[PDB]
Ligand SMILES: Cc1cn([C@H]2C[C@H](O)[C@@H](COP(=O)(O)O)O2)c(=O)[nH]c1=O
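Only one chain is given next, in structure tokens, and it is the form deposited without this ligand.
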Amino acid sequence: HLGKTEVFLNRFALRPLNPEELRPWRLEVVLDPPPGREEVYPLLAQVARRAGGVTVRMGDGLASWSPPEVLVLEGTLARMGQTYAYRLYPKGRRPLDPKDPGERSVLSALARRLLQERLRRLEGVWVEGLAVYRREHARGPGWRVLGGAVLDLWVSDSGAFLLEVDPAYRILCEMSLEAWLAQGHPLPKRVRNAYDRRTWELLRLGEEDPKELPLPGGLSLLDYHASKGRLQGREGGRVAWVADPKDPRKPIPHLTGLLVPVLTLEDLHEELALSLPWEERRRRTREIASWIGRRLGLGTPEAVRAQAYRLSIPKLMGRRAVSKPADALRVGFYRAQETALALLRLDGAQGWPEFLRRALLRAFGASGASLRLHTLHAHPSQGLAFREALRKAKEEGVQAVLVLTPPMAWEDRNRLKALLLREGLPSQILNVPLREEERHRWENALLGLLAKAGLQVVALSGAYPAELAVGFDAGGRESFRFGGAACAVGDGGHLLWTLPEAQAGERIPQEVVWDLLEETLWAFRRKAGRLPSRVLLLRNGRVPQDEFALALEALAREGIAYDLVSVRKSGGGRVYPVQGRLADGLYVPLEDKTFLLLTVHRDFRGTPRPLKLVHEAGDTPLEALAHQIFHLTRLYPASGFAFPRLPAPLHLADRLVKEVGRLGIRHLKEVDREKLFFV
């Protein structure tokens, strides 16, 4: 069950490395005072930057593509307050073999630096690292938007340059605060220094004179900024009151002549289309690749191809087959039970709208389960009595409450949610200027409601390598030492979530991961009276792989087969068809155990971002894994009309982590973990 086709990656093959590049100059470093021994590594890279060439770190020394005589071989550094004196010593050259991953790594660091350094020298071109911006996409009243691309340059195993390209844009507010003010434009959100990158939350304009404000040092504002050479060639203008990097109420003094506004997208909207149709993006990518090759003498670009296989579209089962979850409202649910729902009105109206009661009764008739609708005659304004009302509805079997309400402020939303959650009542909010013809909104609402209640509504009828697929999210951190969360989808049925639930400090990451996993295991055991034969482990690849060692070990001790797979929402590059149209379910195998996956592609103008996956453990054939993950993409019961770009367990753990973020909510004790309260 597949297909076959060919695609271009947004990578390009360029010229072979010439003999000199294959034989970099080697340099021995001498510092004073030496020190470090274990800290003698960031220092090495820093020296490699101070030298001022195409030079990188290589072993205990330096590799360079720049002749040592055009380097700053002797100079000084200031690292964390300490001042070092360095001298570089040319020690001849040493050949590097691309076939050695270490040496090729060095070669690629050199290639990257080559790209950046050579791009800096181009006239009529703006460069901010691995980003180059040529043309001018749009300009108006003091600000312009430049169009270019983000790049990378590394070295193949066959010893040739490889150039990744992807068009981006840049919003430059090429002016000054003072002026910007004049144009009559409104004071922006945050403001930025004109002499560095530190940015302060713009609080208010001042009322006093810069030559008066006494600073902690004896200096005034104006001559403080004058002393450090900043008023040299510019008019300081009026005084401003910026707010600190983090957050505070204690403001700081600044100058509208040393401040530059920073425009977000919305600021431009108050005057866009920075998305590109995939055809246009491919074109511009090619153009910029040939342009770079031309200007840098790297030859004419050969776009790299790759075989791609069109995966089979999954079989979504409600009562019968469905194209999308929303249809199950007409057709019926996969596994319905005796369910009790509750209404909570905050618009001071009475009961269920008729079309909602109808839609629900219909959907449940088509499922033969018997539905029971309650109404909460209670309000949060009551105090404890409200909590009591909630408790009563719970004991009467209510599983979830729909909340008809005008647009709630963030804080009130979270407070209300958390409130119902204390009494074990998941809730779906429906904003109440509500017409019946708004089918999408209230049907999605209804789906969320039912999901929260514990219904299944849809399933994948297929057969898959692992009957348990659990996804791991680590919040916004690079480890589970500070907690994270898991969501489990059982082949394509049953849904569970788990929190770290064991403090957030002196926690061993491996043990956290194993705890999440073990709890999902035990949930599965409770629902099935057995342990699963194989589990699919999905992580977001932002935490070290070592953090799953204990979980894998434990899965083995228990005779449970596994497959560890890493999923990265960003970095997969772009993917274009050679001929024809680009479609869903694209599987694009790549290097050692890694592949691309173009899961989603609907009526959006912009180019799709393929997923990048790495089979890090287990002996399941890649195509099989890609199959299962792609199908897991279609098992999100809350979206109803559109599929998420990520597999259900990861998408779920994302919404979960974000919701715990929004609410409390350490011990969500009364909430059943079969109930997806966070969608």
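All residue numbers are counted from 1 along the displayed sequence.
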- prompt: Per the entry, how many residues of the deposited chain go unmodelled between residue 271 and residue 272: none, 1 to 3, 4 to 9, or 10 or more?
  reply: 1 to 3
message: Residues without coordinates, deposited sequence, stretch from residue 572 to residue 573: is the count none, 1 to 3, 4 to 9, or 10 or more?
response: none
task: Can you let me know which of the two, 543-551 or 235-243, has the higher average C-alpha B-factor in the entry?
output: 235-243
message: If you take the mean CA temperature factor per stretch, which one wins between 639-647 and 42-50?
response: 42-50
message: By the CA temperature factor listed in this entry, which of these ranks top: 78, 447, 400, 489?
response: 78
Most elevated Cα B-factor in the entry, residues 566, 83, 285, 520: 83
- prompt: Against its chain's modelled residues, does residue 395's Cα B factor rank lowest, middle or highest third?
  reply: middle
task: For residue 16, return the chain-relative third of its C-alpha B-factor as stated in the PDB record: lowest, middle or highest.
output: lowest
Position of residue 143 among the chain's modelled residues by C-alpha B-factor, lowest, middle or highest third: highest
task: Sort the modelled residues of this chain by their C-alpha B factor and say whether residue 217 lands in the lowest, middle or highest third.
output: highest
message: Quick check on the deposited entry: does the C-alpha B-factor of residue 480 sit in the lowest, middle or highest third of its chain?
response: middle
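The following text describes the form deposited with this ligand bound, which does not appear among the structures shown.
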query: Is there a heavy atom of residue 410 lying 4.5 Å or less from a heavy atom of this ligand in the deposited complex?
result: no
query: Does this ligand get within 4.5 angstroms of any non-hydrogen atom of residue 361 in the deposited complex?
result: no
message: Is it the case that residue 253, even though its partner is missing from this view, gets within 4.5 Å of this ligand in the deposited complex, heavy atoms only?
response: yes
query: Any chance residue 481 has a heavy atom within 4.5 Å of this ligand in the deposited complex?
result: no
- line: Of 195, 522, 604, 89, the only residue with a heavy atom within 4.5 Å of this ligand in the deposited complex is 195
query: Here the chain is shown alone; which of 225, 574, 452, 417 has a heavy atom within 4.5 Å of this ligand in the deposited complex?
result: 225
- request: Have a look at 214-222, 386-394, 312-320, 168-176 and name the one stretch with heavy atoms inside 4.5 Å of this ligand in the deposited complex.
  value: 214-222
